[PDB]
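Colleague: The following block contains the structure, expressed as structure tokens.
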Ligand SMILES: [Mg+2]
Ligand code: NA
Ligand code: NA
């Protein structure tokens, strides 16, 4: 959840907001080790419930999200239903565990390609066009993340937009991402330069991947 | 002496506007069929399966014309080559269907088949079903027959399935056409066409448009 003023500005300037619980357990092995554990349900529940209680009156918030990259655990299903029960006014989405689980109203993959399948075991990323028409699938598809804009990037962006416009159930996505996470450091003369992972003696680190 | 007056055009022509040569005549076989007074007038074969296709029930509905008699029976027998695999015998008289009773002139036979050999374009397994109309003590009145392929065609969850597996149709539309005989078909040409189709990896044909 963001700084409270963010929602007020989005209400007033006009932007649709996906408000997202502060839950990410990416580093766990496997990713849902905590989120499938009933011992972590209380802690997870507070990150979802207290977000809803705070932000539910904002018109800019149109979709609730259960967090990011925490696999798919039984705790997600429980909290999905909790939101559906207390706030029927907003769809709930969640990407973890293959982007189309029972804890999401919207197929919301990250970095699924337009035409090319990436058939990873258990959590494949289908071509977005193909994904829509998988047997039994009826939901809209909106990428929670696509077109990773790292450095000299955004090649193939037009291919996404051509597809979004042609397919009714392809309703767009959220680019990753808005602003480089570089930090300012100073040289011996006090001149500022843009720093990234590893520049603060921080180790281990993932270098320029924050930008 | 038979006399047949064939009209090139009729009100039927309004429903026969296929994109093809418009021809006319007695262009398929003519034949004479002798049936007894007490006769098999119709029969339907159905095959139903369990979830893994390791068991089947062949259901054969048989209809008769002629005078109804208690001594009448139908036997449906099912053959794999020269081996009889199953058989059923019953007198006429279907189950009750409404307030006025059932079909006295019909009977349904049900044969169990364990581990049926399944029909597909990949392996065209066939059984022979013989439908015998006869008396209780075994005097044959008449027999009809057909080739039986054990297969289930269904649409589930948006997929067309044959025997529980999703088909990939490698098909072609095929008109009945010979450059010398027009729309008259012969066995040699039919067989030539089927061999060429299968040799070129086709598994399906659409009877365009009749
Ligand atoms: Mg036409
Ligand atoms: Na669209
Ligand atoms: Na990053």
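Following Swiss-Prot, chain A residues are numbered 394-604, in order.
If you're wondering, the header gives X-ray crystallography, 2.2 Å.
Any Cβ shown, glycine's included, is placed from N, Cα and C.
The annotation Mg(2+) 1 binding site is assigned in Swiss-Prot to A:417, A:419, A:462. Among the features that Swiss-Prot reports, active site, proton donor is placed at A:462, with the record citing experimental evidence. For A:538, the entry in Swiss-Prot reads active site, nucleophile, with the evidence type experimental evidence. For A:598, the entry in Swiss-Prot reads Mg(2+) 2 binding site.
Describe the structural surroundings of these features, if you would.
Modeller: For residue A:419 (Mg(2+) 1 binding site), other Cβ atoms within 10 Å of its Cβ number 10.
When other Cβ atoms within 10 Å of the Cβ of residue A:462 (Mg(2+) 1 binding site) are tallied across all protein chains shown, the result is 16.
A strand conformation is recorded for residue A:538 (active site, nucleophile) in the three-state DSSP classification. Counting only same-chain residues at least 6 apart in sequence, those with a Cβ under 8 Å from the Cβ of residue A:538 (active site, nucleophile) are A:488, A:503, A:504, A:566, A:567, A:568, A:569, A:570.
In sequence order, A:590, A:591 are the residues of the chain that are 6 or more apart from residue A:598 (Mg(2+) 2 binding site) and have a CB within less than 8 Å of its CB.
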Colleague: Using DSSP and collapsing to three states, where does residue A:598 (Mg(2+) 2 binding site) fall: helix, strand or coil?
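Modeller: In the DSSP reduction, residue A:598 (Mg(2+) 2 binding site) maps to coil.
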Colleague: Around residue A:417 (Mg(2+) 1 binding site), how many other C-beta atoms are within 10 angstroms of its C-beta?
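Modeller: Around the Cβ of residue A:417 (Mg(2+) 1 binding site), 14 other Cβ atoms lie within 10 Å.
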